[PDB]
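Next input, structure requested:
(one chain, ligands or ions: 1)
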Amino acid sequence: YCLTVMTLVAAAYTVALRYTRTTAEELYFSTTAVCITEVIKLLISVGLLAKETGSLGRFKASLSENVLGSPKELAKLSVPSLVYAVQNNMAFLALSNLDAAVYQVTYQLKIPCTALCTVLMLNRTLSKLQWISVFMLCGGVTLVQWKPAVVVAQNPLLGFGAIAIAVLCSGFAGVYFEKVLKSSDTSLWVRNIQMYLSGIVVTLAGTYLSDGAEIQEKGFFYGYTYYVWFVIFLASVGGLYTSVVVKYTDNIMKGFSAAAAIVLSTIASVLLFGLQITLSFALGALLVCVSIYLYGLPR
Ligand SMILES: Nc1ccn([C@@H]2O[C@H](COP(=O)(O)O)[C@@H](O)[C@H]2O)c(=O)n1
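Numbers count the residues shown, from 1 in each chain. This is the structure:
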């Protein structure tokens, strides 16, 4: 379920976002959407904490001791929420200035950056063979994702600067969260709550600084339609399900699993719905399979 959710969210999110940034008459503030995602992800996570603890007495006790009463953990988790506030704003900026396929292939440069950050920050080791598989995975998804390289005027060079920042944020913020998540027995849903508390403050401050002038003229929830709330739900679910992947695997295996699921989803579409496929897909799919094989070998 959590692999078929991640693909159908991955498919739906970037297309629905790209649509809502280009086609609107009354256009919404992207900074607010990033902030509202952190609010919803907090409220779902608070819900999940009650379900995990499985008791009102245990839930309340967890909020006191672990959520609100672990200040140094909130201090640590304020760092990646500041970086994710950058990242997610750069993602709305990138999809406003570049094509959906162009964003997709370019943003996979996070996979090398995330692998480097994993080796740097978590003090792990990747062999020469494992490094070969990471770049081969990156080249494999490039071949699978490839598509030709809006009703509004755009700026590609500003769009690529945004993906350059967002790629660096993806590696740093994700691995920082993994570092803090796996440093104790504290629950995933506490760590998410601890993070999204600071996130809501940082993202709301971002909105003030970026769009506060224009928001006074128009309103905070200006341009919001049924499709903007759809995008934010997908961003919230995706955000939560990403933290679950990092919990049960790691920030490198997030990339391999994401790539493997794109190939499995396209193969499911060929068999069930008679989808026509390219030779680039066939070659790229094999590279994704070899990369998983090479990464999955003992040294
Ligand atoms: N603990 C975490 C870790 C990541 N996330 C979200 O998951 C996304 C990570 O995207 P990447 O996998 O592209 O780095 C970000 O939008 C981030 O806000 C989250 O909501 N909670």
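
I'd like to know which residues of this structure are adjacent to the ligand.
Within the chain, the positions near the ligand by CB under 6 Å from any ligand atom are 41, 84, 88, 110, 170, 174, 177, 192, 195, 239, 242-243. Any C-beta I mention is one placed from the backbone N, CA and C, and that applies to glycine too.

Tell me which of the residues you listed fall in helices.
41, 84, 88, 110, 170, 174, 177, 192, 195, 239, 242-243 (DSSP state H).

With distance to residue 67 and neighbour count as extra columns, can I get those residues in JSON lines?
What follows is those, written out as JSON lines (distance: CB to CB, whole Å; neighbours: other CB atoms under 10 Å):
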{"residue": "41", "distance to residue 67": "14", "neighbour count": "24"}
{"residue": "84", "distance to residue 67": "19", "neighbour count": "26"}
{"residue": "88", "distance to residue 67": "23", "neighbour count": "25"}
{"residue": "110", "distance to residue 67": "30", "neighbour count": "23"}
{"residue": "170", "distance to residue 67": "26", "neighbour count": "26"}
{"residue": "174", "distance to residue 67": "22", "neighbour count": "28"}
{"residue": "177", "distance to residue 67": "16", "neighbour count": "25"}
{"residue": "192", "distance to residue 67": "10", "neighbour count": "26"}
{"residue": "195", "distance to residue 67": "11", "neighbour count": "28"}
{"residue": "239", "distance to residue 67": "18", "neighbour count": "21"}
{"residue": "242", "distance to residue 67": "20", "neighbour count": "17"}
{"residue": "243", "distance to residue 67": "16", "neighbour count": "21"}
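
Compile those residues into CSV and extend it with columns for distance to residue 285.
What follows is these, written out as CSV (distance: CB to CB, whole Å):
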residue, distance to residue 285
41, 33
84, 31
88, 30
110, 20
170, 24
174, 25
177, 30
192, 33
195, 35
239, 28
242, 23
243, 28
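
Kindly indicate which of those lies nearest residue 49.
residue 192 (8.6 Å; CB to CB).

out of everything not next to it in sequence, what's closest to the closest one?
residue 45 (4.3 Å; CB to CB, 6 or more residues apart in numbering).

wait, doesn't the one you found sit right on residue 189?
Yes. Counting by CB atoms under 8 Å, residue 45 touches residue 189, with 5.0 Å between them.

so which strand or helix has the residue nearest to residue 30 when sequence neighbours are not counted?
Distance criterion CB to CB, 6+ apart; nearest residue to residue 30, sequence neighbours excluded, is residue 92 at 3.6 Å. Using DSSP states H and E, residue 92 maps to helix 71-97.

which residue is nearest the middle of this protein?
residue 239 (5.8 Å; CA atoms, centre = their mean).
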